[PDB]
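Heads up, the thing below is written out as structure tokens.
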Amino acid sequence: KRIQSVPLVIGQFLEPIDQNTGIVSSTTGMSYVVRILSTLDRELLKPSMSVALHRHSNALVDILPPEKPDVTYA
Amino acid sequence: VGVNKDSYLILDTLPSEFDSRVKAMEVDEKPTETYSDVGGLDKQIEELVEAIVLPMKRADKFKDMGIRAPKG
Amino acid sequence: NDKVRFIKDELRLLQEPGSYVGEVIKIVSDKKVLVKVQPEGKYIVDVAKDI
Amino acid sequence: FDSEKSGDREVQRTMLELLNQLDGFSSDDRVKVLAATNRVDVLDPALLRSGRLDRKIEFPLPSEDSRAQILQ
Amino acid sequence: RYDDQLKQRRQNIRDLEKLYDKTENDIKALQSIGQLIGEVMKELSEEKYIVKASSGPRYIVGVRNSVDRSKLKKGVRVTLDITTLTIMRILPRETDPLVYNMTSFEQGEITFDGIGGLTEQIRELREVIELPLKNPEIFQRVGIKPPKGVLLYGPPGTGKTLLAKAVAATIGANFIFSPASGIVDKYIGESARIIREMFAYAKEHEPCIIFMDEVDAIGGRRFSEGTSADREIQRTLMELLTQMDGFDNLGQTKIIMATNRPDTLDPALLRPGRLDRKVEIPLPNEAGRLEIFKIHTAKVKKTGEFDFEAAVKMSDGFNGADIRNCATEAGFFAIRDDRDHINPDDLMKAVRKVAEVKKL
Ligand SMILES: Nc1ncnc2c1ncn2[C@@H]1O[C@H](COP(=O)(O)OP(=O)(O)O)[C@@H](O)[C@H]1O
């Protein structure tokens, strides 16, 4: 749970290859293979979601998720 | 200004050193073509030089009036 | 015991480095191939025991 | 040429410097710029705005009297 | 004798205490190595924020003890270290006085505006804009909602930048103005930060008027292809709209915009209720041009005459801003004849070239 703390680095999931390994094309520019950790969902990742990585390893850590009409029939 | 490589801090000013691909465009007087070598266009050259050498030399006729002068 | 093995194995190697991705152009004679890293240039390489 | 691409921006951004260079100095310091072209139905009127490049020359074709000078 | 040899020393020493403290100052700074600059997307907890550097990436970080977590919100500019990436200090007021500048004397309540050309406009904007600012507690109880914004369209070459500068200065309103060029010329992908600062600064100096020309530049692609490369040309419209909706339209901030091609405008917004009142504008007429030529030409040593009347009747098909040129179209002939007090002969043949200048 320690490394899951700061200072992380962002990325962008692309696709899996195994029960415990996926890939990323981060914002830094390049593409890296990387292993997800357990204690973590899987159901919520396959698209180009948003993610968070561990800097030096370039590992993976945890997930992160996120006009006004005013009228009425009277 | 100058600045360190690792701890970016101002260290020493320095001039504006121009590029070789600009100094090159400075020119000799290799041109040798007098206004007698050109035909017609007594006007256009007459109109031109009333924007160039007189402001280079005789701008007082402008500056005494101080009119909104031309640039190019 | 085999519980604490895993997490102590897993945590050992999230400290592990990254791993790049690339594509093959051809194969040099043996124990030698070439790759282009899909954003960037070429890198002849070696291979491992298994492949 | 509206875009966000590299090649479309770096071009025009030069022009954006040229303007600020024209409108940076005054008619006291004694530069005098000019220019040339084969076309006027193609270029941006911001250069033609009052102050930057105002005086113009409509170089015509030559009248028949001028034809006599040029050949001689 | 042996007193002066010492009296130069008390001067000597103090002339070093100055010297020392400097050379001891600088080393006190060199250890304080540099930092890195970013900007925020959103917020997650006092222990974890998000940032966006000035060299790409979108890091996640923490934060130091001292700085108030209150002031840290979206839009802010930020600074932090290089290794740990922990935010410490803030710098607001992204100054750019080449962009905008105030006119406090425009809060004079008796200011001069006497150039020519146009009267019913300056007469009506006084109606459009005065009352919602001075005592607007009536627009509510009567029932209506006043106009959040305005638009001033017309042909080019008309000198309206000075107009809106003027009439907000006689009324006694704090006027500020920034083109929509440098915000997208100097600032490619760091623009909309300036927008919101341009309002907050404008807020706490309430009341105040806005003016901003070349407004047709925000469009860019206008989502011409929906690619993620024109985010600047897209969002720069977004932050404009979200902010002007935030006024509540109470009567201590109003807005003006302008261009030549309203048919080229971006009615994705600014049409329906934001720039509600659209106002065209005219060109001069048989006497306005003497109302105009009485301005520029009056300010130079001519001979003194009234060929203006017989002149402008020869003039026709004539835009507005070509008149700073028309005088100086003649000034370039007075000096040729080596003169001081010009004659109308330069003016009678002044336009004779200028009419062909309109060709191209
Ligand atoms: N009604 C007017 N009175 C005085 N000068 C004018 C008038 N209309 C245009 N001008 C001249 O035109 C120039 C301003 O035009 P400009 O502000 O560029 O128009 P726009 O803002 O529509 O581009 C000034 O040099 C000014 O002297």
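Conditions tested, residue by residue: (1) in contact with a strand residue (DSSP E or B) (Cβ under 7 Å, 6 or more places away or on another chain); (2) closer than 21 Å to E:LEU151 by Cα.
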| residue | (1), (2) |
| --- | --- |
| E:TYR201 | no, no |
| E:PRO207 | no, yes |
| E:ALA217 | no, yes |
| E:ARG222 | no, yes |
| E:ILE233 | no, yes |
| E:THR253 | no, yes |
| E:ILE256 | yes, yes |
| E:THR259 | yes, yes |
| E:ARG271 | no, yes |
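Within the range D:39-66, work out how many residues are assigned to a loop (DSSP other than H, G, I, E, B) and either within 8 Å of chain B (Cβ to nearest Cβ) or not aliphatic (A, V, I, L, M) (or both).
The number of residues fulfilling the criteria is 17.
Within 30 Å of E:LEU347 (Cα to Cα) and among the aliphatic types (A, V, I, L, M), is that true of E:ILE295?
Working: within 30 Å of E:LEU347 (Cα to Cα): yes; among the aliphatic types (A, V, I, L, M): yes.
Spelling it out, E:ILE295 is indeed within 30 Å of E:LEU347 (Cα to Cα) and among the aliphatic types (A, V, I, L, M).
Of the numbered conditions (1) in contact with a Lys or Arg (Cβ under 9 Å, 6 or more places away or on another chain); (2) surrounded by fewer than 16 Cβ atoms within 10 Å (Cβ to Cβ); (3) within 14 Å of chain D (Cβ to nearest Cβ), E:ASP245 satisfies every one except a single condition; which is it?
Among (1) in contact with a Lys or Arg (Cβ under 9 Å, 6 or more places away or on another chain); (2) surrounded by fewer than 16 Cβ atoms within 10 Å (Cβ to Cβ); (3) within 14 Å of chain D (Cβ to nearest Cβ), the lone unmet condition for E:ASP245 is (3).
Which residues, counting only those in the range E:168-211, are more than 13 Å from the chain's Cα centre (by Cα) and of a type in the set (D, E, K, R)?
The answer is E:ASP185, E:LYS186, E:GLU190, E:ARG193, E:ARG196, E:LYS203, E:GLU204, E:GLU206.
Each row is one residue, and each column tells you yes or no for (1) in a loop (DSSP other than H, G, I, E, B); (2) surrounded by fewer than 19 Cβ atoms within 10 Å (Cβ to Cβ); (3) within 14 Å of chain D (Cβ to nearest Cβ).
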position	(1), (2), (3)
E:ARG235	no, yes, yes
E:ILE256	yes, no, no
E:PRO267	yes, yes, no
E:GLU286	yes, yes, no
E:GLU305	yes, yes, no
E:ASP316	yes, yes, no
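Would the range E:263-275 turn up any residue that is among the hydroxyl-bearing types (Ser, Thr, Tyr), within 30 Å of E:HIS205 (Cβ to Cβ) and within 16 Å of the ligand (Cβ to nearest atom)?
Within the range E:263-275 (the criterion being among the hydroxyl-bearing types (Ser, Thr, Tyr), within 30 Å of E:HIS205 (Cβ to Cβ) and within 16 Å of the ligand (Cβ to nearest atom)), the answer is no, since none of the residues qualifies.
Filter the range C:18-51 down to residues that are within 13 Å of another protein chain (Cβ to nearest Cβ) and loosely packed, with under 11 Cβ neighbours inside 10 Å, then give me how many there are.
Final tally of qualifying residues: 2.
Would you point out which residue out of E:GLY149, E:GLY172, E:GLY116 is under 24 Å from E:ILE295 (Cβ atoms), touching a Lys or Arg at 6+ places or on another chain (Cβ under 9 Å) and surrounded by 15 or more Cβ atoms within 10 Å (Cβ to Cβ)?
Criteria check complete, one pass: E:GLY116.
Is it true that A:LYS46 is more than 9 Å from chain C (Cβ to nearest Cβ) and closer than 26 Å to C:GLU40 by Cα? Walk me through it before giving the result.
Details: more than 9 Å from chain C (Cβ to nearest Cβ): yes; closer than 26 Å to C:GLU40 by Cα: yes.
Yes.
Output the residues belonging to the range A:13-43 that are out of contact with any strand residue (DSSP E or B) (no Cβ under 6 Å at 6 or more places or on another chain), more than 12 Å from chain C (Cβ to nearest Cβ) and not in a strand (DSSP E or B).
Correct list: A:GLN19, A:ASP41, A:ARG42, A:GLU43.
Those residues that are more than 13 Å from the ligand (Cβ to nearest atom) and exposed (fewer than 15 other Cβ atoms within 10 Å of the Cβ), I need them from the range E:288-301; list them, please.
The one that is more than 13 Å from the ligand (Cβ to nearest atom) and exposed (fewer than 15 other Cβ atoms within 10 Å of the Cβ): E:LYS301.
Only one residue in E:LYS134, E:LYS148, E:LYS165 is more than 14 Å from chain D (Cβ to nearest Cβ), under 21 Å from the mean Cα position of the chain (by Cα) and away from the ligand (no atom under 12 Å from the Cβ). Which one? First the steps, then the outcome.
Working: E:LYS134 fails: under 21 Å from the mean Cα position of the chain (by Cα); E:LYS165 fails: away from the ligand (no atom under 12 Å from the Cβ).
Being more than 14 Å from chain D (Cβ to nearest Cβ), under 21 Å from the mean Cα position of the chain (by Cα) and away from the ligand (no atom under 12 Å from the Cβ) holds for just one of E:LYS134, E:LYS148, E:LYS165, which is E:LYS148.
Quick check on my filter: what residues within the range D:1-23 are part of a loop (DSSP other than H, G, I, E, B) and either surrounded by 11 or more Cβ atoms within 10 Å (Cβ to Cβ) or within 11 Å of chain B (Cβ to nearest Cβ) (or both)? Step through it out loud before you land on a result.
First, pick out the residues of the range D:1-23 that are part of a loop (DSSP other than H, G, I, E, B): D:1-5, D:23.
Within the range D:1-23, D:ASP2, D:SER3, D:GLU4, D:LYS5, D:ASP23 qualify.
Determine, yes or no, whether E:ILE115 is within 22 Å of E:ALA173 (Cβ to Cβ), within 16 Å of the ligand (Cβ to nearest atom) and assigned to a loop (DSSP other than H, G, I, E, B). Steps first, please.
Working: within 22 Å of E:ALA173 (Cβ to Cβ): yes; within 16 Å of the ligand (Cβ to nearest atom): yes; assigned to a loop (DSSP other than H, G, I, E, B): yes.
Taking the combined requirement at face value, the residue satisfies it.
Counting only residues that are away from chain A (no Cβ under 14 Å) and either at positive phi or acidic (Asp, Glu) (or both), which one in the range E:53-100 is farthest from the chain's Cα centre (by Cα)?
Step by step, filter the range E:53-100, then rank; the result is E:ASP68.
Read-outs throughout are calculated quantities, based only on the coordinates presented, and are distinct from any laboratory measurement. When we count neighbours, we look across all protein chains shown, and the Cβ atoms used for this are built from the backbone with ideal geometry, even at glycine.
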